[PDB]
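Quick heads-up: it's one chain on its own, the form deposited in one PDB entry, in structure tokens.
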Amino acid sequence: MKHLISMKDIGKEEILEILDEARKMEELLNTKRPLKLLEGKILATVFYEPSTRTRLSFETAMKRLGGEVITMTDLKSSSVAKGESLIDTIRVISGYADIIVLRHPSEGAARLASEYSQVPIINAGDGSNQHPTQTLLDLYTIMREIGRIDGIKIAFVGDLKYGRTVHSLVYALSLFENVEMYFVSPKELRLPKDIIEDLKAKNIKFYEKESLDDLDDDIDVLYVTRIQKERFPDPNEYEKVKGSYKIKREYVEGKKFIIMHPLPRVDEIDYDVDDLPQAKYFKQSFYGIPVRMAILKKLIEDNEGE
């Protein structure tokens, strides 16, 4: 693997390979003794559309492996860009660092950048459409907390029509055996038609539900996604929707499932749910470090341009 642009370029086999490397990295974090696997390496954080969350995650991961990091964000402003094209920037940075994590608005972006980069490119998503590293850490969370990915019952709650990370995860999961999916969402924000078709094409047991009460205590994972205002300009409307899908304490208690959420959470989950056993979104947050360490390591080794 010379780049990590899209989950659709990876198969269940490579996914597992990565999840394994991730577990190794997690254990290494427990040795607690200074790691130097990527000692003489430099990671370049090239963000056009800022994301302190994603940067810090990758930055931490790189440093945990003993590597160095140079950052270049807010490339969008003319002060941090200066009319220079992505292509020129990728070529210059490509010459400075050993690996690049890119975040660009345009669609080709990542893919294109990889074409001009003499270095591996990790796509931190083109804003949306494709964030591999996120999906991978999601899978790792399930693998880690549920003990397996195959044959699990997962339920997604929230904007499923525009939830990119949800789409990406639904696709990845569709590569595993017997995954039962539940899509809880407002009538308007249902899972894209074409996506459902792919699920059908892969003979995947799935159900579209309109209420959280439709779900049973047999779901293993409850993946909560945000529902932004832009979908319901009318406050009244938005109000009803928030209340209808908000994960409350009384609903969580005793449930078998674990609660995941890519963060940041704002309204999707009550704060009194945090201290409940099934709340796992912050653990999920942590898992991003080990899998990102896994990815950085792999990408660099796989392309030993020594």
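So that the term is clear: the rigid core is the largest set of C-alpha atoms that superpose within 1.5 Å between two forms. Numbers for residues come from their place in the sequence shown, where the first is 1.
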Next item on the list: Mind pulling up the entry and telling me whether 297-305 or 1-9 has the higher mean Cα temperature factor?
Entry: 297-305
Next item on the list: Averaging the C-alpha B factors as listed in the entry, name the stretch that ends up higher: 56-64 or 241-249.
Entry: 241-249
Next item on the list: Name the one of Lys153, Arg91, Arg226, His167 with the greatest CA B-factor according to the PDB entry.
Entry: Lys153
Check: When you compare the CA B-factors of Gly95, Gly127, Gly147, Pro186 as listed in the entry, which one comes out on top?
Finding: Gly127
Item checked: CA B-factor ranking of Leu276, expressed as a third of its chain -> lowest
Checklist line | Lowest, middle or highest third - CA B-factor, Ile289 | finding: lowest
Notebook entry, point to check: Lowest, middle or highest third: where is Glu208 by Cα B-factor in its chain?
Noted result: middle
Notebook entry, point to check: Split the chain's modelled residues into thirds by Cα B-factor; is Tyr140 in the lowest, middle or highest one?
Noted result: lowest
Margin query: Which third, lowest, middle or highest, does the C-alpha temperature factor of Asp214 belong to within its own chain?
Written below: middle
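Keep in mind that the form deposited in another entry is not shown, yet the notes after this line are about it.
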Notebook entry, point to check: Can you tell which of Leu215, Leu199, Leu189, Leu75 moves its Cα by 2 Å or more between the shown form and the other one, with the two forms laid on the rigid core?
Noted result: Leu75
Next item on the list: Align on the rigid core first; then say whether the Cα of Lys229 has moved by at least 2 Å between the shown form and the other one.
Entry: yes
Next item on the list: Specify closer or farther for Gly66 and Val80: how their Cα atoms are spaced in that other deposited form versus the shown form, given a shift of 3 angstroms or more.
Entry: farther
Check: So the Cα-Cα distance between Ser79 and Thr89 shifts by 3 Å or more in that other deposited form; is it shorter or longer than what we see here?
Finding: closer
